file input_6.cif (mmCIF, C-alpha atoms and all ligand atoms)
data_protein
loop_
_atom_site.group_PDB
_atom_site.id
_atom_site.type_symbol
_atom_site.label_atom_id
_atom_site.label_comp_id
_atom_site.auth_asym_id
_atom_site.auth_seq_id
_atom_site.Cartn_x
_atom_site.Cartn_y
_atom_site.Cartn_z
ATOM 1 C CA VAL A 1 -12.596 12.785 0.149
ATOM 2 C CA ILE A 2 -14.807 13.090 3.342
ATOM 3 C CA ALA A 3 -17.901 11.005 2.153
ATOM 4 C CA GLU A 4 -19.077 7.807 3.960
ATOM 5 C CA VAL A 5 -17.171 4.909 2.399
ATOM 6 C CA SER A 6 -19.771 2.058 2.725
ATOM 7 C CA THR A 7 -21.422 2.793 -0.736
ATOM 8 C CA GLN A 8 -18.180 2.581 -2.739
ATOM 9 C CA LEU A 9 -16.996 -0.362 -0.584
ATOM 10 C CA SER A 10 -20.204 -2.338 -1.477
ATOM 11 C CA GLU A 11 -19.769 -1.439 -5.219
ATOM 12 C CA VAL A 12 -16.144 -2.781 -5.195
ATOM 13 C CA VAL A 13 -17.035 -6.022 -3.345
ATOM 14 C CA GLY A 14 -19.971 -6.472 -5.805
ATOM 15 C CA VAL A 15 -17.442 -6.355 -8.726
ATOM 16 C CA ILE A 16 -15.096 -8.831 -6.898
ATOM 17 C CA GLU A 17 -18.083 -11.213 -6.225
ATOM 18 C CA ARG A 18 -19.415 -10.898 -9.814
ATOM 19 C CA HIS A 19 -16.079 -12.138 -11.266
ATOM 20 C CA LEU A 20 -14.710 -14.423 -8.515
ATOM 21 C CA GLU A 21 -17.611 -15.749 -6.326
ATOM 22 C CA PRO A 22 -17.003 -19.398 -7.412
ATOM 23 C CA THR A 23 -13.230 -19.323 -6.474
ATOM 24 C CA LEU A 24 -13.437 -16.725 -3.643
ATOM 25 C CA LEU A 25 -12.034 -17.645 -0.190
ATOM 26 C CA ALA A 26 -11.876 -14.216 1.483
ATOM 27 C CA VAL A 27 -12.178 -10.449 1.034
ATOM 28 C CA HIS A 28 -10.382 -8.380 3.660
ATOM 29 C CA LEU A 29 -10.689 -4.594 4.031
ATOM 30 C CA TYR A 30 -7.390 -3.376 5.552
ATOM 31 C CA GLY A 31 -5.022 -0.392 5.538
ATOM 32 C CA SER A 32 -6.024 2.995 6.937
ATOM 33 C CA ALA A 33 -9.779 2.099 6.777
ATOM 34 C CA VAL A 34 -9.096 -0.287 9.764
ATOM 35 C CA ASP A 35 -5.856 1.181 11.278
ATOM 36 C CA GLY A 36 -5.889 4.953 12.037
ATOM 37 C CA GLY A 37 -8.914 5.799 9.898
ATOM 38 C CA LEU A 38 -9.331 7.058 6.322
ATOM 39 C CA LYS A 39 -7.878 10.524 5.596
ATOM 40 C CA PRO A 40 -8.837 12.799 2.652
ATOM 41 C CA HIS A 41 -6.366 11.149 0.172
ATOM 42 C CA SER A 42 -6.736 7.545 1.578
ATOM 43 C CA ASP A 43 -7.482 4.697 -0.872
ATOM 44 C CA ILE A 44 -9.727 1.697 -0.055
ATOM 45 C CA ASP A 45 -7.342 -1.277 0.452
ATOM 46 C CA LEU A 46 -8.835 -4.715 -0.354
ATOM 47 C CA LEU A 47 -7.084 -8.090 -0.170
ATOM 48 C CA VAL A 48 -8.820 -10.925 -2.088
ATOM 49 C CA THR A 49 -7.928 -14.602 -1.667
ATOM 50 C CA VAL A 50 -8.965 -16.997 -4.429
ATOM 51 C CA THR A 51 -8.610 -20.823 -4.532
ATOM 52 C CA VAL A 52 -7.286 -20.890 -8.146
ATOM 53 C CA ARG A 53 -5.571 -18.443 -10.563
ATOM 54 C CA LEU A 54 -7.755 -16.261 -12.855
ATOM 55 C CA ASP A 55 -8.345 -16.880 -16.625
ATOM 56 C CA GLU A 56 -6.809 -14.034 -18.696
ATOM 57 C CA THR A 57 -10.332 -12.866 -19.692
ATOM 58 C CA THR A 58 -11.478 -12.777 -16.003
ATOM 59 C CA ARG A 59 -8.314 -10.655 -15.165
ATOM 60 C CA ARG A 60 -9.400 -8.119 -17.880
ATOM 61 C CA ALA A 61 -13.122 -8.081 -16.943
ATOM 62 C CA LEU A 62 -12.362 -7.543 -13.266
ATOM 63 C CA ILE A 63 -9.637 -4.903 -13.928
ATOM 64 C CA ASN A 64 -11.949 -2.934 -16.307
ATOM 65 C CA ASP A 65 -14.927 -3.176 -13.858
ATOM 66 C CA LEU A 66 -12.780 -2.096 -10.802
ATOM 67 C CA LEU A 67 -11.615 1.003 -12.733
ATOM 68 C CA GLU A 68 -15.301 1.995 -13.142
ATOM 69 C CA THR A 69 -15.716 1.791 -9.280
ATOM 70 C CA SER A 70 -12.633 4.027 -8.655
ATOM 71 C CA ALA A 71 -11.541 7.692 -9.061
ATOM 72 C CA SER A 72 -8.087 9.199 -9.666
ATOM 73 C CA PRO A 73 -6.917 10.961 -6.465
ATOM 74 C CA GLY A 74 -8.278 14.581 -6.376
ATOM 75 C CA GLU A 75 -10.847 13.964 -9.187
ATOM 76 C CA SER A 76 -13.815 13.078 -6.886
ATOM 77 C CA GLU A 77 -15.388 14.320 -3.619
ATOM 78 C CA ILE A 78 -17.395 10.984 -3.370
ATOM 79 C CA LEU A 79 -15.138 8.180 -4.877
ATOM 80 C CA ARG A 80 -11.738 7.173 -3.369
ATOM 81 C CA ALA A 81 -8.909 5.447 -5.268
ATOM 82 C CA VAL A 82 -9.637 1.645 -5.036
ATOM 83 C CA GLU A 83 -6.875 -0.903 -4.528
ATOM 84 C CA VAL A 84 -7.448 -4.668 -4.864
ATOM 85 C CA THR A 85 -4.729 -7.261 -4.357
ATOM 86 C CA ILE A 86 -5.561 -10.885 -5.311
ATOM 87 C CA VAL A 87 -3.526 -13.799 -3.925
ATOM 88 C CA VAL A 88 -4.009 -17.500 -4.816
ATOM 89 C CA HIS A 89 -4.316 -19.717 -1.697
ATOM 90 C CA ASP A 90 -1.405 -22.119 -2.646
ATOM 91 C CA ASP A 91 0.882 -19.145 -3.634
ATOM 92 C CA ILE A 92 0.724 -17.562 -0.092
ATOM 93 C CA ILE A 93 -0.161 -20.616 2.152
ATOM 94 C CA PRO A 94 2.219 -21.848 3.343
ATOM 95 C CA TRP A 95 3.995 -18.426 3.654
ATOM 96 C CA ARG A 96 7.222 -18.255 1.569
ATOM 97 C CA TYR A 97 9.332 -15.121 0.883
ATOM 98 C CA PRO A 98 9.058 -13.790 -1.635
ATOM 99 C CA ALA A 99 5.459 -14.704 -2.651
ATOM 100 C CA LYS A 100 3.585 -14.475 -6.012
ATOM 101 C CA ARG A 101 0.824 -11.903 -6.345
ATOM 102 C CA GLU A 102 -1.896 -13.071 -8.764
ATOM 103 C CA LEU A 103 -3.338 -9.562 -9.556
ATOM 104 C CA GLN A 104 -3.216 -5.984 -8.319
ATOM 105 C CA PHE A 105 -5.509 -3.118 -9.325
ATOM 106 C CA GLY A 106 -4.934 0.488 -8.401
ATOM 107 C CA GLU A 107 -5.256 4.047 -9.750
ATOM 108 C CA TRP A 108 -1.520 4.129 -10.624
ATOM 109 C CA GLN A 109 -2.548 1.731 -13.481
ATOM 110 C CA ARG A 110 -5.409 3.949 -14.879
ATOM 111 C CA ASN A 111 -3.408 5.071 -18.002
ATOM 112 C CA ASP A 112 -2.140 1.506 -18.624
ATOM 113 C CA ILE A 113 -5.649 -0.008 -18.249
ATOM 114 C CA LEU A 114 -7.180 2.608 -20.654
ATOM 115 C CA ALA A 115 -4.455 1.544 -23.225
ATOM 116 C CA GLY A 116 -5.311 -2.198 -22.716
ATOM 117 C CA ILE A 117 -2.202 -3.074 -20.554
ATOM 118 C CA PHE A 118 -3.391 -5.632 -17.904
ATOM 119 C CA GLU A 119 -0.572 -6.269 -15.347
ATOM 120 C CA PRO A 120 0.064 -10.032 -15.024
ATOM 121 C CA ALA A 121 0.961 -12.056 -11.886
ATOM 122 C CA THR A 122 4.404 -11.269 -10.429
ATOM 123 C CA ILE A 123 6.627 -11.816 -7.447
ATOM 124 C CA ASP A 124 5.710 -9.070 -5.025
ATOM 125 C CA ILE A 125 8.038 -8.455 -2.041
ATOM 126 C CA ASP A 126 5.335 -5.987 -0.754
ATOM 127 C CA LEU A 127 3.056 -8.971 0.163
ATOM 128 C CA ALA A 128 5.332 -9.476 3.294
ATOM 129 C CA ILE A 129 4.183 -5.981 4.418
ATOM 130 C CA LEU A 130 0.531 -6.153 3.191
ATOM 131 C CA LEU A 131 -0.098 -9.552 4.845
ATOM 132 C CA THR A 132 1.509 -8.367 8.139
ATOM 133 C CA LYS A 133 -0.838 -5.289 8.080
ATOM 134 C CA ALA A 134 -3.937 -7.394 7.102
ATOM 135 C CA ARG A 135 -3.326 -10.049 9.860
ATOM 136 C CA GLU A 136 -3.059 -7.277 12.555
ATOM 137 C CA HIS A 137 -5.949 -4.996 11.338
ATOM 138 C CA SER A 138 -8.629 -6.039 8.811
ATOM 139 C CA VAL A 139 -12.353 -6.795 8.301
ATOM 140 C CA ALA A 140 -13.335 -10.138 6.761
ATOM 141 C CA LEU A 141 -16.099 -8.782 4.439
ATOM 142 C CA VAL A 142 -16.361 -12.460 3.442
ATOM 143 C CA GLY A 143 -14.629 -15.671 4.646
ATOM 144 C CA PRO A 144 -12.249 -16.210 7.597
ATOM 145 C CA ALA A 145 -10.335 -13.530 9.603
ATOM 146 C CA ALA A 146 -6.921 -12.661 8.024
ATOM 147 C CA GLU A 147 -5.258 -13.875 11.346
ATOM 148 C CA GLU A 148 -6.585 -17.439 10.780
ATOM 149 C CA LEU A 149 -6.261 -17.608 6.967
ATOM 150 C CA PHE A 150 -2.678 -16.304 6.575
ATOM 151 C CA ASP A 151 0.438 -17.745 8.197
ATOM 152 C CA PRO A 152 2.359 -15.234 10.296
ATOM 153 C CA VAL A 153 4.933 -13.375 8.154
ATOM 154 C CA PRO A 154 8.296 -13.885 9.944
ATOM 155 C CA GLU A 155 9.900 -10.675 11.238
ATOM 156 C CA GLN A 156 13.018 -11.399 9.175
ATOM 157 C CA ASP A 157 10.844 -11.436 6.016
ATOM 158 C CA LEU A 158 9.210 -8.174 7.071
ATOM 159 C CA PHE A 159 12.685 -6.655 7.766
ATOM 160 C CA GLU A 160 14.042 -7.820 4.325
ATOM 161 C CA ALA A 161 10.942 -6.511 2.444
ATOM 162 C CA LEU A 162 11.272 -3.132 4.225
ATOM 163 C CA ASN A 163 14.997 -2.840 3.301
ATOM 164 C CA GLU A 164 14.492 -4.116 -0.279
ATOM 165 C CA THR A 165 11.676 -1.578 -0.888
ATOM 166 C CA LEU A 166 14.278 1.244 -0.470
ATOM 167 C CA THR A 167 15.899 0.109 -3.831
ATOM 168 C CA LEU A 168 12.942 1.861 -5.559
ATOM 169 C CA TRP A 169 14.181 5.391 -4.568
ATOM 170 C CA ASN A 170 17.717 6.572 -5.596
ATOM 171 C CA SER A 171 17.121 9.827 -7.619
ATOM 172 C CA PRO A 172 14.299 12.438 -8.008
ATOM 173 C CA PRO A 173 12.402 10.873 -11.003
ATOM 174 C CA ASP A 174 11.878 7.709 -8.824
ATOM 175 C CA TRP A 175 9.527 9.741 -6.560
ATOM 176 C CA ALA A 176 8.492 12.480 -9.111
ATOM 177 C CA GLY A 177 4.721 11.683 -9.116
ATOM 178 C CA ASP A 178 4.366 10.563 -5.492
ATOM 179 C CA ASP A 179 6.430 12.903 -3.257
ATOM 180 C CA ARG A 180 4.109 12.843 -0.141
ATOM 181 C CA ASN A 181 3.735 9.016 -0.053
ATOM 182 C CA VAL A 182 7.504 8.332 -0.638
ATOM 183 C CA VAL A 183 8.338 10.636 2.323
ATOM 184 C CA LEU A 184 5.610 9.055 4.529
ATOM 185 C CA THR A 185 6.606 5.544 3.333
ATOM 186 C CA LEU A 186 10.324 6.203 4.235
ATOM 187 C CA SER A 187 9.183 7.240 7.800
ATOM 188 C CA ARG A 188 6.990 4.089 8.060
ATOM 189 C CA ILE A 189 9.912 1.868 6.868
ATOM 190 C CA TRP A 190 12.277 3.531 9.393
ATOM 191 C CA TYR A 191 9.670 3.174 12.183
ATOM 192 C CA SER A 192 9.030 -0.513 11.258
ATOM 193 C CA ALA A 193 12.735 -1.402 10.963
ATOM 194 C CA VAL A 194 13.416 -0.111 14.570
ATOM 195 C CA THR A 195 10.063 -1.119 16.197
ATOM 196 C CA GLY A 196 9.016 -4.231 14.204
ATOM 197 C CA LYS A 197 5.571 -2.612 14.221
ATOM 198 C CA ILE A 198 3.397 -0.944 11.568
ATOM 199 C CA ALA A 199 2.036 2.569 12.162
ATOM 200 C CA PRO A 200 -0.319 4.834 10.170
ATOM 201 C CA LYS A 201 1.420 7.408 7.964
ATOM 202 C CA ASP A 202 0.924 10.297 10.538
ATOM 203 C CA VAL A 203 2.102 8.192 13.545
ATOM 204 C CA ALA A 204 5.268 7.078 11.652
ATOM 205 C CA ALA A 205 5.812 10.701 10.453
ATOM 206 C CA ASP A 206 5.644 12.096 14.075
ATOM 207 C CA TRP A 207 7.954 9.224 15.294
ATOM 208 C CA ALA A 208 10.437 9.995 12.479
ATOM 209 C CA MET A 209 10.241 13.758 13.178
ATOM 210 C CA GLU A 210 11.316 13.213 16.863
ATOM 211 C CA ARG A 211 14.396 11.239 15.706
ATOM 212 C CA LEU A 212 15.610 13.487 12.890
ATOM 213 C CA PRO A 213 18.137 16.303 13.055
ATOM 214 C CA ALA A 214 16.137 19.579 12.932
ATOM 215 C CA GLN A 215 17.073 20.208 9.243
ATOM 216 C CA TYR A 216 15.053 17.139 8.106
ATOM 217 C CA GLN A 217 11.956 17.755 10.350
ATOM 218 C CA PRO A 218 10.215 20.275 7.946
ATOM 219 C CA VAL A 219 9.696 17.913 4.908
ATOM 220 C CA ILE A 220 8.116 15.114 7.048
ATOM 221 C CA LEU A 221 5.985 17.737 8.965
ATOM 222 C CA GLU A 222 4.673 19.031 5.604
ATOM 223 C CA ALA A 223 3.937 15.425 4.412
ATOM 224 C CA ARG A 224 2.165 14.601 7.759
ATOM 225 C CA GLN A 225 0.019 17.788 7.442
ATOM 226 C CA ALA A 226 -0.883 17.057 3.759
ATOM 227 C CA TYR A 227 -1.827 13.422 4.739
ATOM 228 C CA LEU A 228 -4.221 14.755 7.429
ATOM 229 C CA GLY A 229 -5.682 17.224 4.841
ATOM 230 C CA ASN A 230 -4.676 20.181 7.150
ATOM 231 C CA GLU A 231 -2.081 21.853 4.783
ATOM 232 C CA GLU A 232 -1.462 21.814 0.954
ATOM 233 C CA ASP A 233 1.118 19.308 -0.444
ATOM 234 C CA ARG A 234 3.843 21.722 -1.756
ATOM 235 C CA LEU A 235 6.684 19.074 -1.382
ATOM 236 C CA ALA A 236 7.527 19.252 -5.164
ATOM 237 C CA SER A 237 8.395 23.009 -4.578
ATOM 238 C CA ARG A 238 11.422 22.141 -2.368
ATOM 239 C CA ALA A 239 12.992 19.433 -4.670
ATOM 240 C CA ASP A 240 16.535 19.631 -3.093
ATOM 241 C CA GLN A 241 15.157 19.511 0.526
ATOM 242 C CA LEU A 242 13.173 16.355 -0.584
ATOM 243 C CA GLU A 243 16.225 14.474 -2.024
ATOM 244 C CA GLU A 244 18.366 15.275 1.099
ATOM 245 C CA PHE A 245 15.456 13.955 3.271
ATOM 246 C CA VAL A 246 15.352 10.742 1.141
ATOM 247 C CA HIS A 247 19.147 10.175 1.254
ATOM 248 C CA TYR A 248 19.338 11.012 4.995
ATOM 249 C CA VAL A 249 16.392 8.678 5.962
ATOM 250 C CA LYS A 250 17.650 5.819 3.659
ATOM 251 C CA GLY A 251 21.075 5.986 5.386
ATOM 252 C CA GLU A 252 19.390 5.957 8.836
ATOM 253 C CA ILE A 253 17.264 2.929 7.776
ATOM 254 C CA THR A 254 20.387 1.120 6.450
ATOM 255 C CA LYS A 255 22.013 1.584 9.947
ATOM 256 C CA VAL A 256 19.145 -0.393 11.669
ATOM 257 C CA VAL A 257 20.368 -4.020 12.348
ATOM 258 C CA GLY A 258 18.194 -7.239 12.378
HETATM 259 N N1 LIG B 1 6.627 0.005 7.038
HETATM 260 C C1 LIG B 1 5.553 0.096 6.248
HETATM 261 N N2 LIG B 1 4.334 0.302 6.810
HETATM 262 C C2 LIG B 1 3.272 0.404 5.997
HETATM 263 N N3 LIG B 1 3.210 0.286 4.668
HETATM 264 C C3 LIG B 1 4.433 0.089 4.145
HETATM 265 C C4 LIG B 1 5.618 0.002 4.845
HETATM 266 N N4 LIG B 1 6.675 -0.241 3.969
HETATM 267 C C5 LIG B 1 6.129 -0.255 2.772
HETATM 268 N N5 LIG B 1 4.762 -0.081 2.821
HETATM 269 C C6 LIG B 1 3.837 -0.089 1.690
HETATM 270 O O1 LIG B 1 3.219 1.171 1.575
HETATM 271 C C7 LIG B 1 1.922 0.993 0.930
HETATM 272 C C8 LIG B 1 0.873 1.706 1.744
HETATM 273 O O2 LIG B 1 -0.441 1.354 1.281
HETATM 274 P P1 LIG B 1 -1.464 2.553 1.432
HETATM 275 O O3 LIG B 1 -2.864 2.153 1.085
HETATM 276 O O4 LIG B 1 -0.921 3.765 0.708
HETATM 277 O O5 LIG B 1 -1.345 2.745 3.088
HETATM 278 P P2 LIG B 1 -2.387 3.049 4.272
HETATM 279 O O6 LIG B 1 -1.850 2.578 5.585
HETATM 280 O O7 LIG B 1 -3.745 2.453 3.932
HETATM 281 N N6 LIG B 1 -2.541 4.638 4.298
HETATM 282 P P3 LIG B 1 -3.405 5.593 3.319
HETATM 283 O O8 LIG B 1 -4.047 4.898 2.151
HETATM 284 O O9 LIG B 1 -2.559 6.712 2.742
HETATM 285 O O10 LIG B 1 -4.423 6.245 4.165
HETATM 286 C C9 LIG B 1 1.752 -0.528 0.762
HETATM 287 O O11 LIG B 1 2.167 -0.906 -0.543
HETATM 288 C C10 LIG B 1 2.649 -1.020 1.897
HETATM 289 O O12 LIG B 1 3.024 -2.378 1.954
HETATM 290 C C1 LIG B 2 -0.008 -1.621 -2.527
HETATM 291 N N1 LIG B 2 0.087 -0.270 -2.053
HETATM 292 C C2 LIG B 2 -0.035 0.809 -3.062
HETATM 293 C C3 LIG B 2 1.154 0.850 -4.031
HETATM 294 O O1 LIG B 2 2.334 0.935 -3.244
HETATM 295 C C4 LIG B 2 1.037 2.037 -4.922
HETATM 296 N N2 LIG B 2 2.146 2.262 -5.829
HETATM 297 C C5 LIG B 2 2.703 1.163 -6.644
HETATM 298 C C6 LIG B 2 0.803 3.333 -4.124
HETATM 299 O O2 LIG B 2 0.693 4.414 -5.041
HETATM 300 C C7 LIG B 2 0.362 5.638 -4.353
HETATM 301 O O3 LIG B 2 1.370 6.107 -3.481
HETATM 302 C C8 LIG B 2 -0.902 5.459 -3.478
HETATM 303 O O4 LIG B 2 -0.695 4.357 -2.551
HETATM 304 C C9 LIG B 2 -0.453 3.217 -3.294
HETATM 305 C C10 LIG B 2 -0.245 2.055 -2.314
HETATM 306 O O5 LIG B 2 -1.432 1.924 -1.467
HETATM 307 O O6 LIG B 2 -1.982 5.173 -4.368
HETATM 308 C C11 LIG B 2 -2.277 6.270 -5.212
HETATM 309 C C12 LIG B 2 -3.559 5.959 -6.003
HETATM 310 C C13 LIG B 2 -1.147 6.415 -6.153
HETATM 311 C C14 LIG B 2 0.164 6.693 -5.432
HETATM 312 O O7 LIG B 2 1.210 6.729 -6.363
HETATM 313 O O8 LIG B 2 0.166 7.987 -4.838
HETATM 314 MG MG MG B 3 -4.666 2.822 2.143
HETATM 315 MG MG MG B 4 -3.265 1.003 -0.695
#
call {"tool": "encode", "arguments": {"input": "input_6.cif", "output": "structure tokens"}}
result
Amino acid sequence: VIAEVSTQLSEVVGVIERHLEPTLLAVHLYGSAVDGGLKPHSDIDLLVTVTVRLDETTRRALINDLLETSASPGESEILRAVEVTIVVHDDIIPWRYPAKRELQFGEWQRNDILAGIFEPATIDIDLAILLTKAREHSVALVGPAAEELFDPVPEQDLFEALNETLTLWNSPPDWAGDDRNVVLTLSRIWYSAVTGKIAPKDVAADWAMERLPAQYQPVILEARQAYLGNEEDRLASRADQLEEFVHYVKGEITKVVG
């Protein structure tokens, strides 16, 4: 997608306001929209803070409505994948690890939502990472700056969430659908574990590529190119090369000490 993003952004915030205006504290645009800039496959990352949990019916109304504002990756030249994370004030302030996520919407749910599966509130270790990103780079579309609203996420909580995330990826079906992002996410986790910082997918990829034995450099170079829209994503082609990359990078992450 190469289209100006302000139209779809205003549609998505209109849906959020329509359901949540009376309990809304903040809407923050974050992720690559604010840090590095949207690339052809980039989603729109929104973080919504409410003062009270949602009624079940409000969860379903909002999830259904958000799906109508969103397009499956590669199915639209004008609409990006939309991602909305809702946190309840008293669940995330004061900061505790791990924290409860009230709601998340994203295109990975499309099938579920169309079958009437509405994901309920859960522990989400990923909030340690999302709130660290949002506090550093975001736009308050409404309410206070992320920096002021959210407590700092301790670096030990960041470090633990980065290492725990690696439990998701052990064998090839665990990354079957999502080969480019698992590769770029491994590079970002490795980068963040050594640096304590967060980098866009291409910056983390180039950092990783410097620090890899030459055998592992090709898979991350292909992922970095596909992220920038420069080359095709043919990472599923080279299945064995992918799993060796994953095992190699996980081992290198595991070596990084706190
Ligand atoms: N070290 C890390 N840095 C960044 N994101 C990370 C890291 N570790 C795990 N993640 C998760 O990776 C996901 C990235 O969100 P996503 O919207 O795909 O990223 P982005 O920076 O906006 N880039 P993109 O949408 O591809 O342009 C989130 O769930 C993050 O918390
Ligand atoms: C909260 N961050 C998101 C989640 O990690 C999510 N998967 C549970 C990610 O899924 C993705 O990698 C990508 O980025 C999504 C992330 O932005 O979002 C695409 C629509 C689907 C995907 O599978 O390609
Ligand atoms: Mg994004
Ligand atoms: Mg996202």
call {"tool": "closest_residue", "arguments": {"input": "input_6.cif", "among": "A:114, A:212, A:130, A:220", "to": "ligand MG 3 (chain B)", "atoms": "only C-alpha atoms and all ligand atoms"}}
result
A:130
call {"tool": "closest_residue", "arguments": {"input": "input_6.cif", "among": "A:15, A:9, A:46, A:62", "to": "ligand LIG 2 (chain B)", "atoms": "only C-alpha atoms and all ligand atoms"}}
result
A:46
call {"tool": "closest_residue", "arguments": {"input": "input_6.cif", "among": "A:4, A:102, A:252, A:35", "to": "residue A:119", "atoms": "only C-alpha atoms"}}
result
A:102
call {"tool": "residues_around", "arguments": {"input": "input_6.cif", "residues": "residue A:78", "least_positions_apart": "5", "cutoff": "9 Å", "atoms": "all atoms listed in the file", "output": "ChimeraX atom specification"}}
result
/A:1-5,8,71
call {"tool": "residues_near_ligand", "arguments": {"input": "input_6.cif", "ligand": "ligand LIG 1 (chain B)", "cutoff": "8 Å", "atoms": "all atoms listed in the file", "output": "JSON list (two decimals) with C-alpha atoms, keeping the file's coordinate frame"}}
result
[["chain", "number", "residue", "atom", "x", "y", "z"],
["A", 30, "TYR", "CA", -7.39, -3.38, 5.55],
["A", 31, "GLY", "CA", -5.02, -0.39, 5.54],
["A", 32, "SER", "CA", -6.02, 3.00, 6.94],
["A", 33, "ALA", "CA", -9.78, 2.10, 6.78],
["A", 35, "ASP", "CA", -5.86, 1.18, 11.28],
["A", 36, "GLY", "CA", -5.89, 4.95, 12.04],
["A", 37, "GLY", "CA", -8.91, 5.80, 9.90],
["A", 38, "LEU", "CA", -9.33, 7.06, 6.32],
["A", 39, "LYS", "CA", -7.88, 10.52, 5.60],
["A", 41, "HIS", "CA", -6.37, 11.15, 0.17],
["A", 42, "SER", "CA", -6.74, 7.54, 1.58],
["A", 43, "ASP", "CA", -7.48, 4.70, -0.87],
["A", 44, "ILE", "CA", -9.73, 1.70, -0.06],
["A", 45, "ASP", "CA", -7.34, -1.28, 0.45],
["A", 83, "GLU", "CA", -6.88, -0.90, -4.53],
["A", 126, "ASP", "CA", 5.34, -5.99, -0.75],
["A", 127, "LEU", "CA", 3.06, -8.97, 0.16],
["A", 128, "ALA", "CA", 5.33, -9.48, 3.29],
["A", 129, "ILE", "CA", 4.18, -5.98, 4.42],
["A", 130, "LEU", "CA", 0.53, -6.15, 3.19],
["A", 133, "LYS", "CA", -0.84, -5.29, 8.08],
["A", 161, "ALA", "CA", 10.94, -6.51, 2.44],
["A", 162, "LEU", "CA", 11.27, -3.13, 4.22],
["A", 165, "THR", "CA", 11.68, -1.58, -0.89],
["A", 181, "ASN", "CA", 3.74, 9.02, -0.05],
["A", 185, "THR", "CA", 6.61, 5.54, 3.33],
["A", 186, "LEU", "CA", 10.32, 6.20, 4.24],
["A", 187, "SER", "CA", 9.18, 7.24, 7.80],
["A", 188, "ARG", "CA", 6.99, 4.09, 8.06],
["A", 189, "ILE", "CA", 9.91, 1.87, 6.87],
["A", 190, "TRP", "CA", 12.28, 3.53, 9.39],
["A", 191, "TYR", "CA", 9.67, 3.17, 12.18],
["A", 192, "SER", "CA", 9.03, -0.51, 11.26],
["A", 193, "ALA", "CA", 12.74, -1.40, 10.96],
["A", 197, "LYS", "CA", 5.57, -2.61, 14.22],
["A", 198, "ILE", "CA", 3.40, -0.94, 11.57],
["A", 199, "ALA", "CA", 2.04, 2.57, 12.16],
["A", 200, "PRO", "CA", -0.32, 4.83, 10.17],
["A", 201, "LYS", "CA", 1.42, 7.41, 7.96],
["A", 227, "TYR", "CA", -1.83, 13.42, 4.74]]
call {"tool": "axis_aligned_box", "arguments": {"input": "input_6.cif", "around": "stretch 64-72 of chain A", "padding_each_side": "6 Å", "output": "AutoDock Vina command-line options"}}
result
--center_x -11.9 --center_y 3.0 --center_z -12.5 --size_x 19.6 --size_y 24.4 --size_z 19.7
call {"tool": "resolve_selection", "arguments": {"input": "input_6.cif", "expression": "the PyMOL selection byres (((chain A and resi 231-245) around 10) and not hetatm)", "output": "MDAnalysis selection string"}}
result
chainID A and resid 169:172 175:180 182:183 186 212 215:230 246:251
call {"tool": "closest_residue", "arguments": {"input": "input_6.cif", "among": "A:123, A:207, A:48, A:258", "to": "residue A:155", "atoms": "only C-alpha atoms"}}
result
A:258
call {"tool": "closest_residue", "arguments": {"input": "input_6.cif", "among": "A:160, A:55, A:77, A:124", "to": "residue A:196", "atoms": "only C-alpha atoms"}}
result
A:160
call {"tool": "closest_residue", "arguments": {"input": "input_6.cif", "among": "A:174, A:209, A:139, A:34", "to": "ligand MG 3 (chain B)", "atoms": "only C-alpha atoms and all ligand atoms"}}
result
A:34
call {"tool": "residues_around", "arguments": {"input": "input_6.cif", "residues": "residue A:60", "least_positions_apart": "2", "cutoff": "10 Å", "atoms": "all atoms listed in the file", "output": "list in words"}}
result
residues 54, 55, 56, 57, 58, 62, 63, 64, 65, 66, 113, 116, 117, 118 and 119 of chain A
call {"tool": "resolve_selection", "arguments": {"input": "input_6.cif", "expression": "the PyMOL selection byres (((chain A and resi 25) around 7) and not hetatm)", "output": "list in words"}}
result
residues 23, 24, 26, 49, 50, 51 and 143 of chain A
call {"tool": "atom_distance", "arguments": {"input": "input_6.cif", "atom1": "atom CA of residue A:61", "atom2": "atom CA of residue A:74"}}
result
25.5 Å
call {"tool": "resolve_selection", "arguments": {"input": "input_6.cif", "expression": "the PyMOL selection byres (((chain A and resi 86) around 7) and not hetatm)", "output": "MDAnalysis selection string"}}
result
chainID A and resid 47:49 84:85 87:88 101:104
call {"tool": "write_last_selection", "arguments": {"input": "input_6.cif", "atoms": "C-alpha atoms", "output": "mmCIF file, in the frame of the given file"}}
result
data_model
loop_
_atom_site.group_PDB
_atom_site.id
_atom_site.type_symbol
_atom_site.label_atom_id
_atom_site.label_comp_id
_atom_site.auth_asym_id
_atom_site.auth_seq_id
_atom_site.Cartn_x
_atom_site.Cartn_y
_atom_site.Cartn_z
ATOM 1 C CA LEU A 47 -7.084 -8.090 -0.170
ATOM 2 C CA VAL A 48 -8.820 -10.925 -2.088
ATOM 3 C CA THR A 49 -7.928 -14.602 -1.667
ATOM 4 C CA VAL A 84 -7.448 -4.668 -4.864
ATOM 5 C CA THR A 85 -4.729 -7.261 -4.357
ATOM 6 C CA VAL A 87 -3.526 -13.799 -3.925
ATOM 7 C CA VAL A 88 -4.009 -17.500 -4.816
ATOM 8 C CA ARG A 101 0.824 -11.903 -6.345
ATOM 9 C CA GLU A 102 -1.896 -13.071 -8.764
ATOM 10 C CA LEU A 103 -3.338 -9.562 -9.556
ATOM 11 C CA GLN A 104 -3.216 -5.984 -8.319
#
call {"tool": "atom_distance", "arguments": {"input": "input_6.cif", "atom1": "atom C8 of ligand LIG 2 (chain B)", "atom2": "atom CA of residue A:148"}}
result
27.6 Å
